[PDB]
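Participant: Okay, handing you the structure first.
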Amino acid sequence: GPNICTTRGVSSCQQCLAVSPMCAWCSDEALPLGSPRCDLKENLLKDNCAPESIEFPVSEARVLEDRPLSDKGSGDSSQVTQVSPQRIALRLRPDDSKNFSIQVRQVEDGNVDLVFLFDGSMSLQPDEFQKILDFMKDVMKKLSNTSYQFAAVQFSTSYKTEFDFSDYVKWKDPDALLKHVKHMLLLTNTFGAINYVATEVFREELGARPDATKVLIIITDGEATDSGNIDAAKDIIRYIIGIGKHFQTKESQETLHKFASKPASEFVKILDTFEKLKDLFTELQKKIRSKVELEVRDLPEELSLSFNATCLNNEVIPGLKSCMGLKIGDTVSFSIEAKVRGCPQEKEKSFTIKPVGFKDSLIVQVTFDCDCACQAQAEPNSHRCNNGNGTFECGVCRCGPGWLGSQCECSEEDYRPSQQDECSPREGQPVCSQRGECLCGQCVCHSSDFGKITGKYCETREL
Ligand SMILES: *[C@@H]1O[C@H](CO)[C@@H](O)[C@H](O)[C@H]1NC(C)=O
Ligand SMILES: *[C@@H]1O[C@H](CO)[C@@H](O)[C@H](O)[C@H]1NC(C)=O
Ligand SMILES: *[C@@H]1O[C@H](CO)[C@@H](O)[C@H](O)[C@H]1NC(C)=O
Ligand SMILES: [Ca+2]
């Protein structure tokens, strides 16, 4: 009962390895004409194929950079390790996959870049617009002396940065930052206003931090008067907050989903009164820096994935990518499996796994292992496979054009040997009628300088 490695009918060592991650290849050169070269290292060894002649690579994962996770006695030297390990060298066989783990622990509180994109349309009364202003100031007042950094972009018809991160980091004065704020009293171009924040506000030269969390807090009282797409703000955590008379219907409050992040059950917050703005943020603030979601970057196309997350109390949740509801010092762990489809050419690839809002990341160097090591003495068209006709790599003949078979002989063949008794009419009879050899199961006739024997079984010397 030969299994998959044998039964694939392989022609080279590189294809035997590509059968399955379990298969192995023999290359003993001086072996019988019939003994499957592709098998397992045990079944292959029950036939004597020598030690060093068997080609069998194995996938492996090795941990390179494995800094230990930081502690509560935090002293910023080489910063603080929040993800470990950081560098792992993977080596994969054709259609192979092995597993490895990662551990995340927010030893720092968490750096956040938050932007108040608040409506200023003609629908707001001066009191509620002030309440929206008092909402922003109150948010920034109890979040000073944290790792937060704030901006604010009033919008209506036009879009105006009231202050950006370089201002806040300098002053840390909520009232004096938003004291210049004047009510626009116009329309609601939410699409263009959201693009403004993604392209003009989150700029590093305006106090932005390239490793912090991108958080948008959209506060609106009605539906958008413009139209477009917010694809520029696809990597920003967006909270939209429709408020008031113009979201009393379930229809009108569903429009904000296209702006809000997903799931919209979490990132859409409909209010009937501007007074509820006070309590609304004290609960969003509990869902901002409390979830670690892994982020796969620059992933090669031929790499598959898998995840087994261990979140709260050893809750092994397969598939999951994020563990939420964490505090300072809590540690999580994720087990990951990476499969490959075949064998890409690219000798070395490198992709990053990093939690969102963090700078510590896991970088994976994947070097594929497909080619065999018996290419030393590949030998194009060797003396063993007849000259000019067959490469003798890894103990077998990879014949060129027209020629096939063992020592390269087949002309235009029959597309398998199968029953080798095609060369004679009956059991107790010589093969080829004693005028030729049984090449590839069919009887080819011996041409001589005198007569030519044109016929199956080599019978009629035509002269
Ligand atoms: C700021 O917070 C730190 C703790 O992180 C504390 O030691 C310090 O006294 C605080 N200062 C002010 C002005 O809030
Ligand atoms: C996760 O667990 C499932 C079930 O035990 C298993 O099939 C899968 O290979 C595991 N994956 C990883 C990456 O641990
Ligand atoms: C090898 O095959 C080619 C045709 O494919 C033929 O011309 C050549 O003669 C063959 N080699 C020998 C040694 O006969
Ligand atoms: Ca409005």
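Chains: A, B, ... in order of the structure tokens. Residues: from 1 per chain. Ligands: from 1, in order shown.
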Name the residues, by chain letter and number, that sit within 7 Å of ligand 3 using only C-alpha atoms and all ligand atoms, and give them as number ranges by chain.
Facilitator: A: 386-389, 400-403
Participant: Taking the DSSP secondary structure from the backbone, can you list the residues of segment 2-183 of chain A that are strand (DSSP E or B), as a PDB file with C-alpha atoms, in the first residue's frame?
Facilitator:
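Result went into out-v9.pdb, see below:
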```pdb
ATOM      1  CA  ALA A  24      11.865  12.265   1.142  1.00  0.00           C
ATOM      2  CA  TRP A  25      13.972  11.447  -1.915  1.00  0.00           C
ATOM      3  CA  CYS A  38      10.017   9.399  -3.287  1.00  0.00           C
ATOM      4  CA  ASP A  39       8.890   8.056   0.095  1.00  0.00           C
ATOM      5  CA  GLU A  55      17.357  14.253   0.838  1.00  0.00           C
ATOM      6  CA  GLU A  60      11.929  25.059  11.459  1.00  0.00           C
ATOM      7  CA  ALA A  61      11.327  28.260  13.407  1.00  0.00           C
ATOM      8  CA  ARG A  62      14.136  29.907  15.373  1.00  0.00           C
ATOM      9  CA  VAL A  63      13.809  32.843  17.763  1.00  0.00           C
ATOM     10  CA  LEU A  64      16.369  35.556  17.019  1.00  0.00           C
ATOM     11  CA  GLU A  65      15.467  38.720  18.967  1.00  0.00           C
ATOM     12  CA  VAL A  83       6.011  42.648  22.407  1.00  0.00           C
ATOM     13  CA  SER A  84       8.224  39.563  22.538  1.00  0.00           C
ATOM     14  CA  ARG A  87      12.590  38.616  15.292  1.00  0.00           C
ATOM     15  CA  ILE A  88      11.958  35.018  14.212  1.00  0.00           C
ATOM     16  CA  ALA A  89      13.556  33.213  11.258  1.00  0.00           C
ATOM     17  CA  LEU A  90      11.156  30.828   9.513  1.00  0.00           C
ATOM     18  CA  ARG A  91      12.106  28.180   6.955  1.00  0.00           C
ATOM     19  CA  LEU A  92       9.277  26.456   5.099  1.00  0.00           C
ATOM     20  CA  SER A  97       3.529  25.242   8.047  1.00  0.00           C
ATOM     21  CA  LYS A  98       4.812  25.384  11.620  1.00  0.00           C
ATOM     22  CA  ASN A  99       3.654  27.316  14.669  1.00  0.00           C
ATOM     23  CA  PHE A 100       5.082  29.986  16.976  1.00  0.00           C
ATOM     24  CA  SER A 101       3.804  32.268  19.724  1.00  0.00           C
ATOM     25  CA  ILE A 102       3.817  35.961  20.628  1.00  0.00           C
ATOM     26  CA  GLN A 103       3.201  37.733  23.945  1.00  0.00           C
ATOM     27  CA  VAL A 104       1.893  41.298  24.299  1.00  0.00           C
ATOM     28  CA  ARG A 105       1.895  43.288  27.545  1.00  0.00           C
ATOM     29  CA  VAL A 112      -3.006  58.292  21.609  1.00  0.00           C
ATOM     30  CA  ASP A 113      -3.453  60.996  18.954  1.00  0.00           C
ATOM     31  CA  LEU A 114      -7.075  62.142  19.265  1.00  0.00           C
ATOM     32  CA  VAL A 115      -8.780  64.703  17.014  1.00  0.00           C
ATOM     33  CA  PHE A 116     -12.130  66.332  17.813  1.00  0.00           C
ATOM     34  CA  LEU A 117     -13.905  66.660  14.453  1.00  0.00           C
ATOM     35  CA  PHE A 118     -17.003  68.465  15.716  1.00  0.00           C
ATOM     36  CA  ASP A 119     -19.932  69.751  13.673  1.00  0.00           C
ATOM     37  CA  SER A 121     -23.510  73.580  11.059  1.00  0.00           C
ATOM     38  CA  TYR A 148      -2.804  61.712  25.180  1.00  0.00           C
ATOM     39  CA  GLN A 149      -2.289  64.423  22.561  1.00  0.00           C
ATOM     40  CA  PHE A 150      -5.234  66.340  21.142  1.00  0.00           C
ATOM     41  CA  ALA A 151      -6.296  68.343  18.109  1.00  0.00           C
ATOM     42  CA  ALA A 152      -9.617  69.868  17.081  1.00  0.00           C
ATOM     43  CA  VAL A 153     -11.019  70.520  13.599  1.00  0.00           C
ATOM     44  CA  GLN A 154     -14.276  72.443  13.390  1.00  0.00           C
ATOM     45  CA  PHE A 155     -16.130  71.783  10.158  1.00  0.00           C
ATOM     46  CA  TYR A 159     -12.731  72.867   7.444  1.00  0.00           C
ATOM     47  CA  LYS A 160     -10.500  74.601   9.993  1.00  0.00           C
ATOM     48  CA  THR A 161      -7.896  73.209  12.371  1.00  0.00           C
ATOM     49  CA  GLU A 162      -8.576  75.061  15.614  1.00  0.00           C
ATOM     50  CA  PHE A 163      -5.359  73.619  17.097  1.00  0.00           C
TER      51      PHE A 163
END
```
Participant: So, counting only C-alpha atoms and all ligand atoms, which residue among A:308, A:314, A:331, A:381 is closest to ligand 2?
Facilitator: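 Among the listed residues, the smallest separation from ligand 2 belongs to A:308.
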Participant: Around ligand 1, at most 9 Å away and counting only C-alpha atoms and all ligand atoms, which residues are there? Put them as a ChimeraX atom specification, please.
Facilitator: /A:144-146
Participant: Include N, CA and C atoms and write out the residues we just selected as an mmCIF file, in the first residue's frame.
Facilitator:
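Writing the result to result-v6.cif gives the following:
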```
data_model
loop_
_atom_site.group_PDB
_atom_site.id
_atom_site.type_symbol
_atom_site.label_atom_id
_atom_site.label_comp_id
_atom_site.auth_asym_id
_atom_site.auth_seq_id
_atom_site.Cartn_x
_atom_site.Cartn_y
_atom_site.Cartn_z
ATOM 1 N N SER A 144 -5.189 65.453 30.730
ATOM 2 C CA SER A 144 -3.853 66.016 30.830
ATOM 3 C C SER A 144 -3.046 65.215 31.845
ATOM 4 N N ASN A 145 -1.722 65.251 31.691
ATOM 5 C CA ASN A 145 -0.814 64.375 32.433
ATOM 6 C C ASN A 145 -1.121 62.906 32.141
ATOM 7 N N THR A 146 -1.516 62.629 30.900
ATOM 8 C CA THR A 146 -1.569 61.268 30.383
ATOM 9 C C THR A 146 -0.743 61.213 29.106
#
```
Participant: Tell me, as a compact mmCIF listing (two decimals) with N, CA, C and O atoms, in the first residue's frame, which residues lie within 8 Å of segment 229-244 of chain A, counting only C-alpha atoms; anything in the same chain fewer than 5 positions away does not count.
Facilitator:
```txt
# COMPACT_ATOMS: atom_id res chain seq x y z
N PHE A 191 -17.65 64.33 4.53
CA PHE A 191 -16.67 63.57 3.75
C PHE A 191 -15.36 64.33 3.63
O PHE A 191 -14.29 63.82 3.99
N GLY A 192 -15.41 65.56 3.12
CA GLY A 192 -14.20 66.36 2.99
C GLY A 192 -13.57 66.70 4.32
O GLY A 192 -12.35 66.82 4.43
N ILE A 194 -13.54 64.75 6.95
CA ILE A 194 -12.83 63.56 7.42
C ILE A 194 -11.52 63.39 6.67
O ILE A 194 -10.49 63.03 7.26
N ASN A 195 -11.52 63.67 5.36
CA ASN A 195 -10.28 63.62 4.59
C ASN A 195 -9.28 64.65 5.10
O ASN A 195 -8.07 64.40 5.13
N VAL A 197 -8.77 65.61 8.13
CA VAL A 197 -8.09 65.10 9.32
C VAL A 197 -7.08 64.03 8.93
O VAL A 197 -6.00 63.93 9.54
N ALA A 198 -7.39 63.22 7.92
CA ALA A 198 -6.51 62.12 7.54
C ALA A 198 -5.28 62.62 6.80
O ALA A 198 -4.20 62.01 6.92
N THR A 199 -5.40 63.70 6.04
CA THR A 199 -4.32 64.16 5.17
C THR A 199 -3.63 65.43 5.65
O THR A 199 -2.46 65.64 5.30
N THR A 213 -1.88 55.87 18.53
CA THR A 213 -3.17 55.44 18.02
C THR A 213 -3.89 56.61 17.37
O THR A 213 -4.02 57.68 17.97
N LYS A 214 -4.35 56.41 16.14
CA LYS A 214 -5.10 57.42 15.41
C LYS A 214 -6.57 57.31 15.80
O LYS A 214 -7.24 56.32 15.46
N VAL A 215 -7.08 58.31 16.51
CA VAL A 215 -8.44 58.30 17.04
C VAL A 215 -9.16 59.54 16.54
O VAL A 215 -8.68 60.67 16.75
N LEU A 216 -10.31 59.34 15.90
CA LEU A 216 -11.17 60.43 15.46
C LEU A 216 -12.49 60.35 16.21
O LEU A 216 -13.07 59.27 16.35
N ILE A 217 -12.95 61.49 16.70
CA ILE A 217 -14.19 61.58 17.47
C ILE A 217 -15.09 62.57 16.74
O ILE A 217 -15.03 63.78 16.97
N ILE A 218 -15.94 62.05 15.86
CA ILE A 218 -16.80 62.88 15.03
C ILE A 218 -18.09 63.15 15.80
O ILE A 218 -18.79 62.22 16.22
N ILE A 219 -18.41 64.43 15.97
CA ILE A 219 -19.61 64.86 16.68
C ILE A 219 -20.47 65.64 15.69
O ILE A 219 -20.03 66.66 15.15
N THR A 220 -21.69 65.16 15.46
CA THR A 220 -22.55 65.72 14.43
C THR A 220 -23.97 65.86 14.95
O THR A 220 -24.39 65.16 15.88
N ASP A 221 -24.72 66.77 14.33
CA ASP A 221 -26.13 66.96 14.64
C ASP A 221 -27.06 66.65 13.47
O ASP A 221 -28.28 66.67 13.65
N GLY A 222 -26.52 66.36 12.29
CA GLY A 222 -27.33 66.06 11.14
C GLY A 222 -26.56 65.24 10.13
O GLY A 222 -25.44 64.79 10.39
N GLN A 253 -29.95 57.61 11.50
CA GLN A 253 -28.79 57.25 12.29
C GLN A 253 -27.98 56.11 11.69
O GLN A 253 -26.89 55.81 12.19
N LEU A 256 -24.55 57.37 9.28
CA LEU A 256 -23.23 57.62 9.85
C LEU A 256 -22.33 56.39 9.84
O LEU A 256 -21.16 56.50 10.21
N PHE A 259 -19.09 56.54 7.70
CA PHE A 259 -17.96 57.26 8.28
C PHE A 259 -17.36 56.51 9.46
O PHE A 259 -16.13 56.43 9.59
N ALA A 260 -18.21 55.94 10.31
CA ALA A 260 -17.77 55.29 11.53
C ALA A 260 -16.94 54.05 11.22
O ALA A 260 -17.02 53.46 10.14
N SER A 261 -16.13 53.66 12.20
CA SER A 261 -15.37 52.42 12.11
C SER A 261 -16.28 51.23 12.38
O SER A 261 -17.45 51.38 12.77
N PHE A 267 -19.00 51.89 17.37
CA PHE A 267 -18.45 53.19 16.99
C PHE A 267 -19.50 54.20 16.57
O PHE A 267 -19.14 55.33 16.21
N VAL A 268 -20.78 53.84 16.59
CA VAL A 268 -21.87 54.80 16.43
C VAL A 268 -22.52 55.01 17.78
O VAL A 268 -22.89 54.04 18.46
N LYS A 269 -22.65 56.27 18.19
CA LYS A 269 -23.22 56.63 19.49
C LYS A 269 -24.27 57.72 19.25
O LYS A 269 -23.93 58.90 19.15
N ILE A 270 -25.53 57.32 19.17
CA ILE A 270 -26.63 58.25 18.92
C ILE A 270 -27.12 58.81 20.24
O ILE A 270 -27.40 58.05 21.18
N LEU A 271 -27.22 60.13 20.32
CA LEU A 271 -27.72 60.82 21.50
C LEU A 271 -28.93 61.66 21.12
O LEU A 271 -29.03 62.18 20.00
N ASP A 272 -29.86 61.80 22.07
CA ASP A 272 -31.01 62.67 21.90
C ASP A 272 -30.79 64.06 22.47
O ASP A 272 -31.43 65.02 22.02
N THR A 273 -29.89 64.20 23.45
CA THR A 273 -29.61 65.48 24.09
C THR A 273 -28.11 65.69 24.18
O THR A 273 -27.34 64.74 24.35
N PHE A 274 -27.70 66.95 24.08
CA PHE A 274 -26.29 67.30 24.21
C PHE A 274 -25.79 67.20 25.65
O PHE A 274 -24.58 67.26 25.87
```
Participant: Residues of chain A within 9 Å of ligand 4: nearest atom pair and distance (Å, one decimal) for each, counting only C-alpha atoms and all ligand atoms, sorted by chain and number, as a Markdown table?
Facilitator:
```
| residue | atom | partner | partner_atom_place_in_ligand_line | distance |
| --- | --- | --- | --- | --- |
| A:119 | CA | ligand 4 | 1 (Ca) | 6.9 |
| A:120 | CA | ligand 4 | 1 (Ca) | 7.2 |
| A:121 | CA | ligand 4 | 1 (Ca) | 4.6 |
| A:122 | CA | ligand 4 | 1 (Ca) | 6.2 |
| A:123 | CA | ligand 4 | 1 (Ca) | 4.8 |
| A:124 | CA | ligand 4 | 1 (Ca) | 6.8 |
| A:156 | CA | ligand 4 | 1 (Ca) | 7.9 |
| A:186 | CA | ligand 4 | 1 (Ca) | 8.1 |
| A:187 | CA | ligand 4 | 1 (Ca) | 6.4 |
| A:188 | CA | ligand 4 | 1 (Ca) | 5.8 |
| A:220 | CA | ligand 4 | 1 (Ca) | 6.6 |
| A:221 | CA | ligand 4 | 1 (Ca) | 4.8 |
| A:222 | CA | ligand 4 | 1 (Ca) | 4.0 |
| A:223 | CA | ligand 4 | 1 (Ca) | 6.4 |
| A:224 | CA | ligand 4 | 1 (Ca) | 7.6 |
| A:225 | CA | ligand 4 | 1 (Ca) | 8.6 |
| A:246 | CA | ligand 4 | 1 (Ca) | 8.1 |
```
Participant: Let me see the file: selected residues, C-alpha atoms, as a PDB file, in the first residue's frame.
Facilitator:
```pdb
ATOM      1  CA  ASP A 119     -19.932  69.751  13.673  1.00  0.00           C
ATOM      2  CA  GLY A 120     -20.514  73.486  13.380  1.00  0.00           C
ATOM      3  CA  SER A 121     -23.510  73.580  11.059  1.00  0.00           C
ATOM      4  CA  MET A 122     -26.341  76.119  11.134  1.00  0.00           C
ATOM      5  CA  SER A 123     -28.476  73.591  13.058  1.00  0.00           C
ATOM      6  CA  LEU A 124     -26.650  74.008  16.387  1.00  0.00           C
ATOM      7  CA  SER A 156     -19.315  72.759   8.355  1.00  0.00           C
ATOM      8  CA  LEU A 186     -23.074  76.670   7.696  1.00  0.00           C
ATOM      9  CA  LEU A 187     -23.506  73.212   6.154  1.00  0.00           C
ATOM     10  CA  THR A 188     -22.111  69.712   6.822  1.00  0.00           C
ATOM     11  CA  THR A 220     -22.550  65.721  14.425  1.00  0.00           C
ATOM     12  CA  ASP A 221     -26.133  66.964  14.637  1.00  0.00           C
ATOM     13  CA  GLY A 222     -27.331  66.060  11.137  1.00  0.00           C
ATOM     14  CA  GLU A 223     -26.588  64.252   7.905  1.00  0.00           C
ATOM     15  CA  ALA A 224     -23.726  65.115   5.573  1.00  0.00           C
ATOM     16  CA  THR A 225     -24.428  67.631   2.809  1.00  0.00           C
ATOM     17  CA  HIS A 246     -32.114  64.749  12.985  1.00  0.00           C
TER      18      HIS A 246
END
```
Participant: Kindly assemble as JSON lines a list of the chain A residues that lie within 7 Å of ligand 2, each paired with its nearest atom pair and their distance in Å to one decimal, using only C-alpha atoms and all ligand atoms, sorted first by chain and then by ascending residue number.
Facilitator:
```
{"residue": "A:99", "atom": "CA", "partner": "ligand 2", "partner_atom_place_in_ligand_line": "13 (C)", "distance": 5.6}
{"residue": "A:306", "atom": "CA", "partner": "ligand 2", "partner_atom_place_in_ligand_line": "13 (C)", "distance": 5.1}
{"residue": "A:307", "atom": "CA", "partner": "ligand 2", "partner_atom_place_in_ligand_line": "13 (C)", "distance": 4.8}
{"residue": "A:308", "atom": "CA", "partner": "ligand 2", "partner_atom_place_in_ligand_line": "1 (C)", "distance": 4.9}
{"residue": "A:318", "atom": "CA", "partner": "ligand 2", "partner_atom_place_in_ligand_line": "1 (C)", "distance": 5.3}
{"residue": "A:335", "atom": "CA", "partner": "ligand 2", "partner_atom_place_in_ligand_line": "13 (C)", "distance": 4.5}
{"residue": "A:336", "atom": "CA", "partner": "ligand 2", "partner_atom_place_in_ligand_line": "13 (C)", "distance": 3.7}
{"residue": "A:337", "atom": "CA", "partner": "ligand 2", "partner_atom_place_in_ligand_line": "13 (C)", "distance": 4.0}
```
Participant: Can you pull out the residues contacting residue 15 of chain A? Cut-off 10 Å, using only C-alpha atoms, and skip same-chain residues under 6 positions away; I want them as a list in words.
Facilitator: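 Contacts, with the query itself left out: residues 8, 9, 25, 38, 94, 370, 371 and 372 of chain A.
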Participant: Write the residues you've just listed into a file as a PDB file, in the first residue's frame, and include N, CA, C and O atoms for each of them.
Facilitator:
```pdb
ATOM      1  N   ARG A   8       2.737   9.457  -6.377  1.00  0.00           N
ATOM      2  CA  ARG A   8       2.649  10.649  -7.211  1.00  0.00           C
ATOM      3  C   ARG A   8       3.378  10.506  -8.540  1.00  0.00           C
ATOM      4  O   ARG A   8       3.193  11.360  -9.415  1.00  0.00           O
ATOM      5  N   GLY A   9       4.182   9.458  -8.718  1.00  0.00           N
ATOM      6  CA  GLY A   9       4.923   9.261  -9.950  1.00  0.00           C
ATOM      7  C   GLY A   9       5.778  10.459 -10.304  1.00  0.00           C
ATOM      8  O   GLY A   9       5.528  11.137 -11.305  1.00  0.00           O
ATOM      9  N   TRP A  25      13.492  11.868  -0.606  1.00  0.00           N
ATOM     10  CA  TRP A  25      13.972  11.447  -1.915  1.00  0.00           C
ATOM     11  C   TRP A  25      15.282  10.678  -1.790  1.00  0.00           C
ATOM     12  O   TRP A  25      16.133  11.009  -0.957  1.00  0.00           O
ATOM     13  N   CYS A  38      10.729   8.492  -4.179  1.00  0.00           N
ATOM     14  CA  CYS A  38      10.017   9.399  -3.287  1.00  0.00           C
ATOM     15  C   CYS A  38       9.246   8.577  -2.262  1.00  0.00           C
ATOM     16  O   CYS A  38       8.421   7.736  -2.632  1.00  0.00           O
ATOM     17  N   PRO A  94       7.690  23.166   0.694  1.00  0.00           N
ATOM     18  CA  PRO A  94       6.511  23.354  -0.168  1.00  0.00           C
ATOM     19  C   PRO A  94       5.228  22.916   0.522  1.00  0.00           C
ATOM     20  O   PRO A  94       5.088  21.766   0.944  1.00  0.00           O
ATOM     21  N   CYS A 370      13.049  24.620  -0.903  1.00  0.00           N
ATOM     22  CA  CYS A 370      12.398  23.822  -1.934  1.00  0.00           C
ATOM     23  C   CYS A 370      13.412  23.027  -2.747  1.00  0.00           C
ATOM     24  O   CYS A 370      13.230  21.826  -2.974  1.00  0.00           O
ATOM     25  N   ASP A 371      14.472  23.692  -3.199  1.00  0.00           N
ATOM     26  CA  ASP A 371      15.489  23.025  -3.998  1.00  0.00           C
ATOM     27  C   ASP A 371      16.236  21.989  -3.167  1.00  0.00           C
ATOM     28  O   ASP A 371      16.420  22.144  -1.956  1.00  0.00           O
ATOM     29  N   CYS A 372      16.660  20.919  -3.831  1.00  0.00           N
ATOM     30  CA  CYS A 372      17.437  19.890  -3.165  1.00  0.00           C
ATOM     31  C   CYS A 372      18.914  20.279  -3.145  1.00  0.00           C
ATOM     32  O   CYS A 372      19.355  21.201  -3.835  1.00  0.00           O
TER      33      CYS A 372
END
```
Participant: Can you work out the spacing between atom CA of residue 209 of chain A and atom CA of residue 111 of chain A in Å, to one decimal?
Facilitator: 8.4 Å
Participant: Counting only C-alpha atoms, figure out which residue out of A:317, A:439, A:296, A:324 gets nearest to residue 351 of chain A.
Facilitator: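 Checking each of A:317, A:439, A:296, A:324 against residue 351 of chain A, counting only C-alpha atoms, the winner is A:296.
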Participant: Calculated over only C-alpha atoms, which of the candidates A:378, A:410, A:139, A:257 has the smallest distance to residue 285 of chain A?
Facilitator: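 Closest candidate: A:139.
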Participant: Nearest residue to residue 20 of chain A out of A:70, A:6, A:361, A:310, using only C-alpha atoms?
Facilitator: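 Using only C-alpha atoms, the shortest distance to residue 20 of chain A belongs to A:6.
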Participant: Would you mind telling me which residue in A:73, A:251, A:441, A:110 lies nearest to residue 288 of chain A when using only C-alpha atoms?
Facilitator: A:110
